[PDB]
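Colleague: just the structure for this:
(5 chains)
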Amino acid sequence: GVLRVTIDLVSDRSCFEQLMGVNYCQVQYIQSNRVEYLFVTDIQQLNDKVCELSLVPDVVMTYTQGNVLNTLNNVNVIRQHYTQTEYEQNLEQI
Amino acid sequence: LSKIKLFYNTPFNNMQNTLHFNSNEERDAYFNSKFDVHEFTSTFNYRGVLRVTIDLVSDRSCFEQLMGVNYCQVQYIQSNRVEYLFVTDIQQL
Amino acid sequence: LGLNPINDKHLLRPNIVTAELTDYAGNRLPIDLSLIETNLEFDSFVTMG
Amino acid sequence: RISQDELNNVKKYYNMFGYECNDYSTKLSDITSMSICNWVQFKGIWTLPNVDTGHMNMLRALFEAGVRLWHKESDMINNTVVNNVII
Amino acid sequence: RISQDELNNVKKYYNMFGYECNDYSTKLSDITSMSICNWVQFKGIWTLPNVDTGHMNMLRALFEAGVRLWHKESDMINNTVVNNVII
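Modeller: Numbers count the residues shown, from 1 in each chain, chains lettered A, B, ... in the order given. What follows is the structure:
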């Protein structure tokens, strides 16, 4: 982090800042069309017509989907859940 | 004033784990055999913790996205003494 | 014990379940239920006459 | 035994946070192992192929503190955790 | 004995972090002693010939907290530690 997306809305009728339940967003970067999701910390209101979004990227969501995590090696694990097989092995400890 | 070389996707990313060779040439030899995209020349201002302003205008689908860099080398031309650095972050000007 | 045999074996330990023997005459056998691999089987070593 | 509730409160705890572990140097047990969700928490040193150096960090240190990888949306907001299971 | 796994978790621990020591005033045991990697952690006062005064510091205090000097790359990212050994 931590950044900002100046975002404008002038076609309003009963709004101002009040486009409200946003927290999460997406960004498809045009045009490498790689994608990235971010949380939105806050939402400042610059005026009657344009509000500002503070962002921090959901690195987890963004980068970890699929089988990625399971191929990392030589990692010191601290808590996880176990496959039947790996559970039996650790069963005494638990 | 000095000859940079930025290594991609390298294991060297915590200061408590290093690799160790018996002679700095073997160190260097190793490193000089694993590159992945860019390798320029600057004269970077050192004051840690410092910055290397690094330009790329021949792009086609990039911008900032020369990404997996963390480790880099610097052969200072010309005392040709060498020095490796981690790269904390990468800001996009 | 009312545990689920299928995924609860790990709860067989002494803060969750406990086991004691008694003859109601102040002989007792305390059993750390964590130390049975799979089975709570009691035998006896008896002598007589 | 402990009480029906307390029994569940314990069931839940393990369902939500998995198991104390002290395997400096292993590979994570399958992340997709459980049915409802799947805690994972580990410490350097790993690099994911081609990522902002500083998103890694942000990523590293996020797992060192741990991340509950849910497996269905329903569950993310339902009293289901109680029934997590190893397939 | 402790369990097969716990036994290994322990093996690993020593493999990765070596041994508690209290030798104010000695010379380090060979750094190239082990086969897979080789922990080293110690406290002033040492000077390396011809180095930025402030890289020493950064150096000193880096070892005072300890450095795992690995010996082959393969290993830096494989479940090998388990088998570290004194030659």
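
Colleague: what about residue B:90, distance to chain A?
Modeller: Distance, residue B:90 to chain A, using Cβ to the nearest Cβ, to the nearest Å: 14 Å. The C-beta positions use only the backbone N, C-alpha and C, and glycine is treated the same way.

Colleague: no, scratch that, I was asking about residue B:33
Modeller: 22 Å.

Colleague: kindly report the same for residue D:42.
Modeller: Counting by Cβ to the nearest Cβ, the gap from residue D:42 to chain A is 4 Å.

Colleague: chain neighbours aside, what residue packs nearest to residue 8?
Modeller: The chain I'm using is chain A. Once flanking residues are discounted, residue A:8 sits nearest to residue A:50: 4.6 Å by Cβ to Cβ, 6 or more residues apart in numbering or on different chains.

Colleague: the chain in question should be chain D.
Modeller: residue D:82 (6.3 Å).

Colleague: so the one you found: helix, strand or coil?
Modeller: Counting by DSSP: H, G, I helix; E, B strand; the rest coil, the backbone at residue D:82 sits in helix.

Colleague: around chain D, pick out the residues from chain C.
Modeller: Neighbours of chain D within chain C, by Cβ under 8 Å from any Cβ of the partner chain: C:1, C:2, C:7, C:8, C:10, C:11, C:15, C:16, C:17, C:18.

Colleague: 10 Å - rerun?
Modeller: Neighbours of chain D within chain C, by Cβ under 10 Å from any Cβ of the partner chain: C:1-4, C:6-8, C:10-11, C:15-18.

Colleague: next, format those residues as CSV and append secondary structure, neighbour count and distance to chain B.
Modeller: CSV is the format used below for the residues of chain C next to chain D (DSSP: H, G, I helix; E, B strand; the rest coil; neighbours: other Cβ atoms under 10 Å in any protein chain shown; distance: Cβ to the nearest Cβ, whole Å):
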residue, secondary structure, neighbour count, distance to chain B
C:1, coil, 15, 46
C:2, coil, 8, 47
C:3, coil, 16, 42
C:4, coil, 12, 42
C:6, coil, 8, 41
C:7, coil, 19, 37
C:8, coil, 16, 39
C:10, helix, 18, 33
C:11, helix, 21, 38
C:15, coil, 10, 36
C:16, coil, 19, 39
C:17, coil, 16, 42
C:18, coil, 14, 44
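
Colleague: for the biggest helix by length in chain D, buried residues please.
Modeller: With DSSP state H setting the assignment, residue counts place helix D:4-17 as the longest helix in chain D. Under the neighbour-count criterion of 16 or more other Cβ atoms under 10 Å in any protein chain shown, helix D:4-17 has D:7, D:11, D:14, D:15 buried.

Colleague: pretty sure the third one sits against residue D:39.
Modeller: So that's residue D:14. Yes - with contact defined as Cβ atoms under 10 Å, residue D:14 counts as touching residue D:39 (9.4 Å).

Colleague: now do the shared contacts for those two.
Modeller: Listed as contacting both residue D:14 and residue D:39 by Cβ atoms under 10 Å, 6 or more residues apart in numbering or on different chains are A:81, D:84.

Colleague: apart from its neighbours in sequence, what residue is nearest residue A:54?
Modeller: Closest residue to residue A:54 apart from its sequence neighbours, by Cβ to Cβ, 6+ apart: residue A:41 at 4.0 Å.

Colleague: show me the contacts for residue B:76.
Modeller: B:1, B:2, B:3, B:43, B:82, B:83.

Colleague: what subset of these is buried?
Modeller: Going by neighbour count (16+ other Cβ under 10 Å), the contacts of residue B:76 have B:2, B:3, B:82 buried.

Colleague: show only the entries of these found in helices.
Modeller: Per DSSP H, helices hold no members of the buried ones among the contacts of residue B:76.

Colleague: near chain C, which of those show up?
Modeller: When contact is defined as Cβ under 10 Å from any Cβ, the buried ones among the contacts of residue B:76 do not meet chain C at all.

Colleague: from those residues, which is closest to chain A?
Modeller: When those are compared for distance to chain A (Cβ to the nearest Cβ), residue B:82 comes out closest, at 27.5 Å.

Colleague: okay, and the beta partners of the closest one?
Modeller: Bridge pairing for residue B:82 (DSSP bridges) gives the partners residue B:75.

Colleague: and it, how close does it get to residue B:44?
Modeller: Distance check for residue B:82 against residue B:44: by Cβ to Cβ, to the nearest Å, it reads 14 Å.

Colleague: does chain B sit close to the following helix or strand past the longest helix of chain D?
Modeller: Sequence order places strand D:19-26 as the next helix or strand after helix D:4-17, per DSSP states H and E. No - contact of strand D:19-26 with chain B is not found when judged by Cβ under 10 Å from any Cβ; the minimum separation is 11.6 Å.

Colleague: strand D:19-26 - contacts with which helices or strands?
Modeller: Applying 3 or more Cβ pairs under 10 Å, 6 or more residues apart in numbering or on different chains; DSSP states H and E, we find strand D:19-26 packed against strand A:75-80, helix A:84-90, strand D:39-43, helix E:4-17.
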